[PDB]
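One file, input34.pdb, carrying PDB, C-alpha atoms and all ligand atoms:
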ATOM      1  CA  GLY W   1      -6.778 -11.351 -77.088  1.00  0.00           C
ATOM      2  CA  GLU W   2      -4.758 -14.450 -76.147  1.00  0.00           C
ATOM      3  CA  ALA W   3      -3.586 -14.480 -79.854  1.00  0.00           C
ATOM      4  CA  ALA W   4      -1.592 -11.238 -79.521  1.00  0.00           C
ATOM      5  CA  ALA W   5      -0.223 -12.238 -76.134  1.00  0.00           C
ATOM      6  CA  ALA W   6       1.043 -15.607 -77.432  1.00  0.00           C
ATOM      7  CA  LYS W   7       3.164 -13.804 -80.059  1.00  0.00           C
ATOM      8  CA  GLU W   8       4.911 -11.670 -77.372  1.00  0.00           C
ATOM      9  CA  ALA W   9       5.891 -14.858 -75.481  1.00  0.00           C
ATOM     10  CA  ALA W  10       7.174 -16.495 -78.682  1.00  0.00           C
ATOM     11  CA  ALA W  11       9.300 -13.524 -79.765  1.00  0.00           C
ATOM     12  CA  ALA W  12      10.905 -12.916 -76.381  1.00  0.00           C
ATOM     13  CA  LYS W  13      11.835 -16.576 -75.748  1.00  0.00           C
ATOM     14  CA  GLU W  14      13.300 -17.005 -79.294  1.00  0.00           C
ATOM     15  CA  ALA W  15      15.425 -13.894 -78.751  1.00  0.00           C
ATOM     16  CA  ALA W  16      16.545 -15.055 -75.296  1.00  0.00           C
ATOM     17  CA  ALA W  17      17.501 -18.552 -76.582  1.00  0.00           C
ATOM     18  CA  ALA W  18      19.653 -17.091 -79.359  1.00  0.00           C
ATOM     19  CA  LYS W  19      21.579 -14.891 -76.938  1.00  0.00           C
ATOM     20  CA  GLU W  20      22.764 -18.005 -74.981  1.00  0.00           C
ATOM     21  CA  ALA W  21      24.161 -19.645 -78.119  1.00  0.00           C
ATOM     22  CA  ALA W  22      26.100 -16.494 -79.063  1.00  0.00           C
ATOM     23  CA  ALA W  23      27.642 -16.022 -75.605  1.00  0.00           C
ATOM     24  CA  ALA W  24      28.614 -19.718 -75.108  1.00  0.00           C
ATOM     25  CA  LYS W  25      30.144 -19.835 -78.586  1.00  0.00           C
ATOM     26  CA  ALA W  26      32.285 -16.699 -78.130  1.00  0.00           C
ATOM     27  CA  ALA W  27      33.593 -18.159 -74.845  1.00  0.00           C
ATOM     28  CA  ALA W  28      34.419 -21.493 -76.555  1.00  0.00           C
ATOM     29  CA  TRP W  29      35.838 -20.283 -79.946  1.00  0.00           C
ATOM     30  CA  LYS W  30      38.579 -18.479 -78.014  1.00  0.00           C
ATOM     31  CA  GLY W  31      39.786 -21.527 -76.003  1.00  0.00           C
TER      32      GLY W  31
HETATM   33 NA    NA S   1       7.714  -6.954 -70.414  1.00  0.00          NA
HETATM   34 NA    NA S   2      25.431 -19.205 -72.874  1.00  0.00          NA
END
Can I see the file as structure tokens?
Amino acid sequence: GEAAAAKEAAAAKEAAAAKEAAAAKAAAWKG
């Protein structure tokens, strides 16, 4: 029901968030 659905939301957004960190960091670490 809503329980399943909630877990999709959670997963996706966690994944998304992590990608931004990775990208920003790569850009920075270079200079
Ligand atoms: Na989808
Ligand atoms: Na970013």
Please build the interface table for chain W against ligand NA 2 (chain S) with a cut-off of 7 Å, listing for each qualifying residue the nearest atom pair and the distance in Å to one decimal; count all atoms listed in the file, order rows by chain and increasing number, and write it as a tab-separated table.
residue	atom	partner	partner_atom	distance
W:20	CA	S:NA2	NA	3.6
W:21	CA	S:NA2	NA	5.4
W:22	CA	S:NA2	NA	6.8
W:23	CA	S:NA2	NA	4.7
W:24	CA	S:NA2	NA	3.9
Distance filter 10 Å around ligand NA 1 (chain S), atoms: only C-alpha atoms and all ligand atoms, out as a PDB file with C-alpha atoms, in the coordinates of the input:
ATOM      1  CA  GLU W   8       4.911 -11.670 -77.372  1.00  0.00           C
ATOM      2  CA  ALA W   9       5.891 -14.858 -75.481  1.00  0.00           C
ATOM      3  CA  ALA W  12      10.905 -12.916 -76.381  1.00  0.00           C
TER       4      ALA W  12
END
(request) Would you work out the distance separating CA of residue 10 in chain W from CA of residue 25 in chain W, expressed in Å to one decimal? (result)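 Interatomic distance here is 23.2 Å.
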(message) What does the structure give for the distance between CA of residue 28 in chain W and CA of residue 14 in chain W, in Å to one decimal?
(response)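 One can read the CA of residue 28 in chain W to CA of residue 14 in chain W distance as 21.8 Å.
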